[PDB]
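Neighbour counts are summed over all protein chains in view; Cβ atoms, including those assigned to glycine, are modelled from backbone coordinates with ideal geometry. Numbers and lists here come from the model and the stated rules, or from a named source; no laboratory read-out is quoted.
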Amino acid sequence: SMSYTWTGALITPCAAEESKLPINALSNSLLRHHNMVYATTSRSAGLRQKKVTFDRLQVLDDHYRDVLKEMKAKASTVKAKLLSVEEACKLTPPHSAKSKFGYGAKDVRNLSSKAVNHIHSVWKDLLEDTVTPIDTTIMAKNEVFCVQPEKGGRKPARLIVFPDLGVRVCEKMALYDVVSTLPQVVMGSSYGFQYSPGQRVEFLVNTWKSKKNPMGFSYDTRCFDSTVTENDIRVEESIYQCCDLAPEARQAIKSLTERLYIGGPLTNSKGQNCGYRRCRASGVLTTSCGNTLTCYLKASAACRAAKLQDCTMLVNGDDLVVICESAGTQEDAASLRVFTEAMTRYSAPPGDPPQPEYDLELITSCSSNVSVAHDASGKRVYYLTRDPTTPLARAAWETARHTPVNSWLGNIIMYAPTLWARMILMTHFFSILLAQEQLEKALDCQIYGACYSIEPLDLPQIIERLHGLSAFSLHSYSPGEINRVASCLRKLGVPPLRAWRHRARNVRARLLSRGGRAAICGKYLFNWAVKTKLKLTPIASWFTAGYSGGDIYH
Ligand SMILES: *[C@H](c1ccc(Cl)c(Cl)c1)[C@H]1SC(=S)N(NS(=O)(=O)c2cccs2)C1=O
């Protein structure tokens with residue numbers, strides 16, 4: 001069936017959309033080539049619609065059925081419970097999209113009588129009706145990127161599809177425990193959201209080292225969400241139903257699946273009918289969990305179809321990486337085509353064909369790659385990094401404009417050991433926080449799709465817990481890593497690393513002259529900036545599951 005059917009109505013914005021990076025002194029000091037940074041708007045929604053709209057002709061075989069059977073057996077050992085209205089309300093983000101029925105996120109969090117009543121009303125309706133399609137709103141996402149000349153074009157806006165606030169709260173009650181616990185049990189070590197960056201690198205390196213002749217490859221599915229069929233979503237539900245669930249949990253899950261998850265009507269911000277969806281909605285609680293289960297199922301089946309030897313998969317939603325035993329270059333190339341053939345039959349054709357890689361550092365999975373550096377004692381330390389172009393583009397944007405999104409803070413947290421996060425992001429932002437006396441202002445940022453309120457002054461502690469003390473002492477980075485960073489800085493017009501060192505020393509001194517956590521930030525975060533190193537002694541739920549598009553607030 002067609003992933004989408006459109007009426008002709010346009011995907012419209014609900015407010016003014018900023019598309020260009022304003023000339024701002026603060027952002028300019030970080031990145032000069034401001035014309036290279038842009039934000040996607042609804043004006044390119046049409047280009048996105050054209051790409052995500054196509055016919056899926058799914059064909060399943062025994063391998064697919066064998067894997068599915070095994071997955072259901074693991075799901076049978078899981079017990080999940082319903083969340084109370086109160087529990088679901090507290091997981092609702094303070095600025096979540098308000099309901100069209102006269103109440104908002106704040107009312108939900110406060111448990112206003114009006115919010116709680118409509119919530120119950122929606123819940124009761126889910127139990128009474130398991131057929132009538134639930135309405136959803138379709139919007140173009142506003143995200144920031146750097147222009148890529150070689151691509152021959154700007155990236156079209158992504159489309160987000162989500163149901164009303166009342167429906168979102170009900171999703172939490174019926175499935176939050178399921179999506180938070182079931183994935184890890186069904187996919188074991190292959191489930192990527194159970195790992196912190198360091199644990200992920202650990203898993204990748206150990207897996208790679210466990211092979212005699214290692215070979216690995218990432219598999220990029222073209223428009224994954226659109227490739228997810230009604231049957232995929234129903235198979236997903238059968239997996240959820242294998243759990244030990246309360247009577248009305250099953251009813252609610254069946255209802256949400258048939259009325260929302262398998263598809264439904266699309267309505268723009270103006271209230272007009274844009275069309276119909278018959279694929280995954282990016283904006284529901286089960287998106288991450290469903291996508292990971294579906295990607296895992298199809299990939300596992302495809303590994304067997306391609307007869308890959310001693311396969312190990314790591315899956316994060318639609319992101320997939322496989323490490324196995326090489327059979328020769330020509331044979332590996334042939335095996336990958338068979339793998340792709342199977343994935344294609346299962347309704348998951350590639351964007352870029354997968355390519356066998358024989359060097360772990362050259363495998364990009366989930367926009368990242370393992371790399372190596374050395375700690376104070378010269379000991380080899382592996383860590384996750386990525387091309388810094390997008391993080392930097394977004395950092396500049398967030399510096400010049402007030403955004404509820406603080407990707408820069410998430411980037412520092414997840415990529416703390418990188419030279420770019422340490423020398424550039426830390427330096428730039430602590431310098432601004434000092435200037436604005438905002439060192440104590442908590443900021444919201446997403447980690448594995450969930451929203452957290454984080455204080456910048458708690459970075460040292462956070463980083464030590466996630467990456468170990470070595471994150472503050474890494475040096476002797478790889479030539480590959482060093483060149484990618486340098487290359488990125490020239491392209492964007494970001495001051496050279498040596499210029500950041502001078503700024504860091506200044507920022508470091510100012511932090512040490514301040515009290516408590518501030519001195520700890522100056523000492524630990526910027527020890528790399530001074531020749532006379534200080535002694536970095538140990539400082540005296542984030543990675544359990546994915547929730548992208550799930551409207552979760554922790
Ligand atoms: C890829 C990904 C997966 C795992 C790790 Cl450890 C990294 Cl660094 C990246 C996607 S999955 C996902 S959700 N996601 N957001 S996040 O990992 O929470 C980050 C937030 C700020 C920087 S990374 C990814 O990037």
Picked from region 446-464 (must be in a helix (DSSP H, G or I) and away from the ligand (no atom under 14 Å from the Cβ)), the residue nearest to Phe193 (Cα to Cα) is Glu464
Please work out if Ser218 is within 16 Å of the ligand (Cβ to nearest atom), of a type in the set (S, T, N, Q) and either under 25 Å from the mean Cα position of the chain (by Cα) or assigned by CATH to the domain that holds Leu308 (or both).
yes
Restricting attention to region 157-179, the residues that are surrounded by fewer than 23 Cβ atoms within 10 Å (Cβ to Cβ), in contact with a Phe, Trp or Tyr (Cβ under 9 Å, 6 or more places away or on another chain) and either under 26 Å from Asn369 (Cα atoms) or among the basic types (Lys, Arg) (or both) number exactly 0
Exactly one of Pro133, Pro183, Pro156, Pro197 is more than 19 Å from the chain's Cα centre (by Cα) and either away from the ligand (no atom under 16 Å from the Cβ) or not basic (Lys, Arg) (or both), and that one is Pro133
Scanning region 269-281 for residues that are buried (at least 22 other Cβ atoms within 10 Å of the Cβ) and more than 14 Å from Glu171 (Cα to Cα), the one farthest from the chain's Cα centre (by Cα) turns out to be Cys274
Taking the stated definitions as given, is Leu443 surrounded by fewer than 20 Cβ atoms within 10 Å (Cβ to Cβ), on the phi < 0 side of the Ramachandran plot and within 14 Å of the ligand (Cβ to nearest atom)?
yes
query: Taking the condition part of a loop (DSSP other than H, G, I, E, B), touching a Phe, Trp or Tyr at 6+ places or on another chain (Cβ under 6 Å) and within 16 Å of the ligand (Cβ to nearest atom), does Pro404 pass?
result: no
Being surrounded by 18 or more Cβ atoms within 10 Å (Cβ to Cβ), in a helix (DSSP H, G or I) and within 16 Å of the ligand (Cβ to nearest atom) narrows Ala471, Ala518 down to just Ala471
Considering only region 208-220, I want to know if a residue exists there that is of a type outside the set (D, E, K, R), part of a helix (DSSP H, G or I) and touching a strand residue (DSSP E or B) at 6+ places or on another chain (Cβ under 8 Å).
yes
Residues that are of a type in the set (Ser, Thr, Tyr), assigned to a helix (DSSP H, G or I), more than 11 Å from the ligand (Cβ to nearest atom) and in the same structural domain as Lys254 (by CATH): does region 162-179 have at least one? yes
**Any hit, region 59-68, residues being among the charged types (D, E, K, R) and within 27 Å of the chain's Cα centre (by Cα)** = no
Based on what the data block shows, is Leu489 buried (at least 20 other Cβ atoms within 10 Å of the Cβ) and away from the ligand (no atom under 16 Å from the Cβ)?
-> yes
Within region 2-27, the count of residues that are in contact with a helix residue (DSSP H, G or I) (Cβ under 7 Å, 6 or more places away or on another chain), farther than 17 Å from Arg158 by Cβ and of a type in the set (S, T, N, Q) comes to 2
